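Encoded as C-alpha cells, the structure appears first; notes follow it.
No value in this document is a laboratory result; all are computed from the given coordinates.
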RNA sequence: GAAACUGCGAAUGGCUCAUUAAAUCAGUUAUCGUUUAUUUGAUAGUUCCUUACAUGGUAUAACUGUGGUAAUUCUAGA
C-alpha cells in the first residue's frame, strides 16, 4: 500500500556473448575511450539500439503522418542538443546512421581529455571523480555525463579545486608544514 | 572573501494565516551551511519583523556547496507566530516548551490498565486493603 | 469569575466582551519591533510599503493606488498633504473592516511625519475617529477598537506638546467618547486622555481641572462623564505597574487644591474621594508616602474656611480607604482630627469617628479615645447615639476594651429629656444581640 | 464490506486532482454533500494543492476554522467539503472569488471572479416535480431545491440563481443553437453550440455539438450543460474558452 | 531635536529652494520637479534634453598626459540625496568637487579635478605600480601584493566617493582610498586566466 | 476538571486467498422493484371547540457506606 516506484534495467547483454570480432570491438572501444566495463559499453549499445529502432519505425511510417512528424522531430532535436547529430543532418536517415562511438565521444571524460584539461583519458576520468571539474557552475563527478553543446563550451576546473582555485590540497600543505617545521628546527 | 547572501523568491503573501511565505536562497561560498539562527536574524533585519516572527525550515545544500535552498515564513506579529506555528517548530526556536511525556509504550500500557479499572477505584483500593488485612 | 486556570488547549473561544475587557491601550506599556520606528526614509512611506505587501483588500488597494502614485518622498508629502489626508478620511469613512488597520496605521504615521503642521487637520481627523468608533460598536470588532484607540494614543504621543498647550479643547472634542453610554468607550477614551494629561505640566493642568469640574456641574444629571473622569485621572496617576509616580503626586496636589476651592462642586469632592480610594487600593504604602505628606500638608495649608465639611469628606475617605496598613501615621491623623474639631468649634463627623474607632491603631486609640468621645458628646450631641450604635455594629469589642459604658453613662446623665425615644429605640435594638451584655448591664439616671 | 467506506486510496482518486503518487497512501475522500464523489473538488485539494495558500492538512484546517472560506455564500468548515462545478468560493481576506469551472485539459481550473459575478450561480435544472401541498419545485445539479419556479422551466435547462437569496433570477431553455459547456467524458471542458439532440426512447439521448472552429463532436445529454445564448455566455469563461486544438 | 523633526526641517528647506527657483524660472512646476526627482528609480528614460544641445558651439580642449596609452577613465560626480538630504561626497572639503581617474598601461593611476568646466583637468594625485610588486609565490591563489605589476586595464570610482577600484592583467583587483590614493584592499580573481576587463 | 450518564465512532482500516467453474469478476444495463445514519437544499402558525407553561413527573449512575469468591474489565444489599 503505496504506489510502487518505476525502475528499469539500463542495459542488456548482446545476443551471442563470445564472438571474437565483438571481443576485439569492445577492446578497442574500452581502450581508446577509457571505459572499464562491458557493462558501460552495453549501456550505450542498448540506448542506441532503442533509438535506432524508434527511428526505423518512424521511417516505415508514411511521410507527413502526424505521429511520424511529431515523434521524429522530437527525436532529432534531442540528438542535436545532445551533440551526437550535426545540425546539417537533421534527418531520420542520419539518425539511422548513428553509432556507439558518437555517444562515447559525447561522454564527459572524453570531453575533458579533448579540451585539454587532462593528459590522458584515465587522467580525465580520475579528475572528474576527484571533484575537480565543474560544468558551468556545478561540480560534476560522474564520468558518463553526456555534455551538451553549450555545456561542452563551459566545462572548466571547479572553483574549489587546488587546480582552479582555493588553497592547495592536503598533500601539498602537509609537505609545506613539514618543510617549514624542518626549517624552523 | 566570505560574503553570505540571502535572497528570496516566489513570495506569496498569505493573509489567511497572516504571513508571507517565500523560498530562500543562501549563497555561502568557501563556507559550509549557514545556520538557521543567523538566517532568522538577517531575515528579520530585512523584513523588518521580529526574530520571533520569522521561521525557516527545510534547507538543502546543493552538490558541491556554496548554495543552499529552503523555505521561509515571516508572520505578521509574534502573536500570529505563536497562534499558527507548529508546536515543534516553536520548540526548535525556543518560543514554546518541550512537554515531557512518557514513551508510547508506557502510555498505551497505562491506558489498558485504567481501562481494566471501572469507577474511580478508591473503594476498590479500600476493599483490597481490608481483604488483605483480614 | 474570569478565566483564571487556563485550559491545556490552544484555541479558546473568547467572546467579544471578554476580548474587550482584556484589552488595554498603552503602546509604550506595549512594545515590539515597530517598522516605522525601524526604517527611516520616511515614516509614512515605511508603513506604506510594509502594508502594501501585507494587506490585500479592495479599499486599501484603491487607496494605495492613488497615494503610491503621489507620495514617494518627504517633500512630496509636505507639498501634497491635503490630498493625502482627504483620501485617508474618505476611506476611513468608508468604514471597511478589512482595510481599517492599514488606514488607521497610516493616519498615525502621517501625523508622525507631519507633526506641528497636522493641527490644521486635527479637528476633523478626530471627528472621523469618533464616528468610526460608534459604527464599530454597531459592527462589533474588538480588533477595530484596538486599532482605533491606538491611533488616538499615537496621535497624542506624537503631538504631545501642542495638545498639552491647548489641552481643554481636546477634552471637549473627546467628551462624546468620554461620557458615551458604553463602559468601554469611557474606559479607552479616558486611557488615551490619561496619557496626555499625565504628560501635561502644572499650570495648564490647573486650568484643565477647573474647566472639567465646571463641566461636571454641567452634566450633574449625567453619571457617565463622572466615572469617565474617575478612570481617566486614576489611570493617569497609577500608570506604572505597582507604583504611581512624581507626576501622580503633583496631580493629587492640584486636584486636592482645586476641589478645596469654595467654588468647587461637592460631587467633585466625591470624585476626588473615589480617585483616592482607587489609588489606595492599587499602590503600596512605601510608594504612597509622598502622596500622604502632600495631602497632609495641603490640609494644613487650607483647612480654615467654610470648606470644613469638604475636608471631613476627604479625610473620611483617607481613613476608610483600606486600613492602617496603608495609613502611615495615625498620630498625624489625630492632630488633623483635633485641629478640625477646634475649627468646627455633623453626620459626616459621626461617620468619621466611627471609622476612626474601627480602622485606627490601638496605640493611638490609647491616647486619643478620651478626647474623641469628648468631641462626640460635645459637638454631635443628638447624634451620639447614632454614632455609638454604628460603632457597636462595626467593631464593638474595641470600644468595650475601651470605655463605651462610661461615656454612655455620662451622656445619659448629661442629657435624657430631649431624645428619650431615641434612647429607648437603641436599647430595644441592642437587647437581642448576645454580644452586647455590657450594654445590658449599663446603669441608668 | 459491511457499511460505507471512510477512506480513499491515492491511486483510486479522481484523476483530475493531479495528486502525486508518492506523497502518501491516502487521498482526501470528499464528504457527502452537493456534488458526487468523482466530480467534486475538496477544499483541501483546492486550498493546498491548487492555491498553495497552505502546506499541510493542518494548515488547511487552521484556515477553515478561522472562518475565511465561504462556498456559495455560506461558511464551510469541513475540510473535505465537496466543492463542485459552477461553484463560487470566496476568500475575503485575500479579496478573491473563484468560480470553479473546467479547464480545457479536463481539470478544474481556478477562475478568478469579481464580486458582481460572484453574486450568482448557474444550475442545471434536473428534476421538476410537484411537492407536498401542491407547490412545485425544481432540483438543480448540486442538490439545491427551489420552489415556485417559472412554469416554463423544464428538465435539462439552466437557471441563473441569486446566491444571496437562493432564488431564481432567470433561466435558459435547452434548444438548438444555445451555447453548451460539457462536463463528462472525453470532451469535458469543450464549449460549443448545440446543433442536434438525437433522442432515443429508453436509451441515452445523444447531442451533436459544434465548436467555434466548426469542429463537431457527439456527447450525451448527461454531459451537456447549457451556459448561455449564442456568443454571450452568462458566466465568464476560463482562458482558451473551451477550444481543443492540436 | 528629533530625527523626524530634523527630516521635516530639511524637507521644508528643500521646498523653500524649489519655490524660489520656480519663481526664478517664471521671471504644476513644483509637482513636476518633485515627480522627476522621484522618477529616477523608475527606469524609463525621462531626461529628454536630446535636442536642446548646442553641439556646433561645444568648446573642445585636448590635454596631453605624460604616460603612454591611457587605458580607461572613470568620473565621480557628487549628487544630492532625496531620502536624506546631506550630499553624495564624503568629507566636507569637497562640497561638489568633480573628480576623474585615469588608468594607463604604463601602470599608472591618476586622479584629476575637473570641477571648473573652463580650465584644464588639474592633476591632483597619482600612484604608479611596477615590477616590485611581483608576488613571490607567483603560482597560488594569493596574489595580494599592494600594487599592480601589469597593465591596469579598467577603473571605476565608487558612487559614494570613498574608494576607486582598478583591475587589469595581473588578475588582481585593488580598491584604493581616494584621498591619499592608498591601496586599502586587494582581492585576487583566483583564476589563472581571470584578467579583469571591465568594471561597473 | 477525574469519575459516571448521554451522544457518536467502533460496519472503516489492516490481513489472507480456504471455499467458489455462469458463481466470482470484467464491460454493459434496470429499479415504473427497494432501504439509506450522515452531508447538502428545501420544509411543519392548524384562531375556536363546556369541569402549571414564569416551564410537569419519577427514576438511576458516579459518589458515601456494608459485603461476598482462589480467581476475571465478576458484582449483591442499603
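Taken as Cα centroids, segment D:184-246 and segment D:136-175 sit 20 Å apart, rounded to the nearest whole angstrom.
Based on the Kirkwood radius over alpha-carbon pairs, what is the Stokes-Einstein translational diffusion coefficient of chain C at 37 °C with 0.692 mPa s viscosity, in µm²/s?
Taking Rh from Cα pairs, D becomes 128 µm²/s.
Across all directions, the average projected area of the convex hull around the alpha carbons of segment C:365-404 is 2.6 nm². With the convex hull of its Cα atoms as the shape, segment D:121-171 has an orientation-averaged projected area of 3.2 nm².
Counted over segment A:119-162 with a bin width of 10 Å, the fraction of Cα pairs per bin, in whole percents, is 30, 60, 9.
Taken over the alpha carbons of segment C:170-264 as equal point scatterers, the Debye sum produces base-10 log I(q)/I(0) values at 0.24 Å⁻¹ of -1.36. Percent of Cα-Cα pairs per 5 Å bin, from 0 to the last occupied bin, for segment A:88-185, please list those. Reading upward from the zero bin: 2, 12, 18, 18, 12, 10, 10, 6, 4, 3, 2, 1, 1, 1, 0. Both radii are taken from the alpha-carbon atoms of segment C:15-105; with Rh as the Kirkwood radius, Rg/Rh is 1.02. In the elastic network of chain A, a GNM with C-alpha springs shorter than 10 Å, the most mobile of A:134, A:55, A:25 is A:25.
Counting only Cα atoms, the size of the protein assembly as shown along its three principal axes is 151, 105, 96 Å, in decreasing order. So if I take the centroid of the Cα atoms in segment C:225-269 and the same for segment D:23-84, what is the distance between those two points in Å? Each part reduced to its Cα centre gives a spacing of 58 Å. The ellipsoid that matches the Cα gyration tensor of segment B:5-115 has semi-axes, each √(5λ) in whole angstrom, of 33, 19, 12, with the longest given first. In terms of Cα atoms, the Rg and Dmax of segment A:17-185 work out to 21.4, 85 Å.
In chain E, the ratio of gyration radius to Kirkwood radius, Rg to Rh, stands at 1.07 when only Cα atoms are counted.
Coordinate range of the alpha-carbon atoms in segment C:150-309 per principal axis, descending: 44, 35, 28 Å. Here segment C:1-159 is treated as a Stokes sphere of Kirkwood radius computed over C-alpha pairs; at 20 °C and 1.002 mPa s its diffusion coefficient rounds to 127 µm²/s. Relative to the dominant Cα principal axis of chain B, helix B:104-116 is inclined by about 30°.
Just from its helices, what would the mean residue ellipticity at 222 nm be for the protein assembly as shown, if runs of 4 or more DSSP H residues each count -39500 (n - 2.57) and the sum is divided by every residue, rounded to the nearest 500 deg cm²/dmol?
Working: 44 runs with 540 residues, N = 1210.
Per the formula, -14000 deg cm²/dmol.
Pairwise Cα distances in segment E:1-62 exceed 21 Å in 52 percent of cases.
In segment D:50-125, Rg over Rh equals 0.96, where Rg is the alpha-carbon radius of gyration and Rh the Kirkwood radius from pairwise Cα distances. What the Cα atoms of segment C:238-336 give is an Rg and a Dmax of 12.7, 39 Å. Binning the C-alpha pair distances of segment C:318-387 at 5 Å intervals from 0 yields a P(r) profile of 3, 17, 30, 27, 17, 6, 0 %, listed from the shortest bin outward. Between segment B:1-46 and segment C:44-83, how many Å separate their Cα centres? Result: 27 Å between the Cα centres. Restricting the calculation to alpha carbons of segment C:87-188 gives Rg and Dmax of 13.0, 36 angstrom.
Projected onto planes of every orientation and averaged, the convex hull of the alpha-carbon atoms in segment D:1-116 covers 7.8 nm². The base-10 log of I(q)/I(0) for segment D:174-244, evaluated at q = 0.12 Å⁻¹, reads -0.27 [Debye formula, identical scatterers on Cα atoms, solvent excluded].
Could you compute how fast segment D:89-131 diffuses translationally, taking Rh as the Kirkwood radius over C-alpha pairs and applying Stokes-Einstein at 20 °C with viscosity 1.002 mPa s? Give it in µm² per second.
Details: Rh = 12.4 Å.
The calculation lands on 172 µm²/s.
Here the Debye sum runs over all C-alpha atoms of chain D as equal scatterers in vacuum, and log10 of I(q)/I(0) at q = 0.13, 0.15 Å⁻¹ comes out as -0.87, -1.14.
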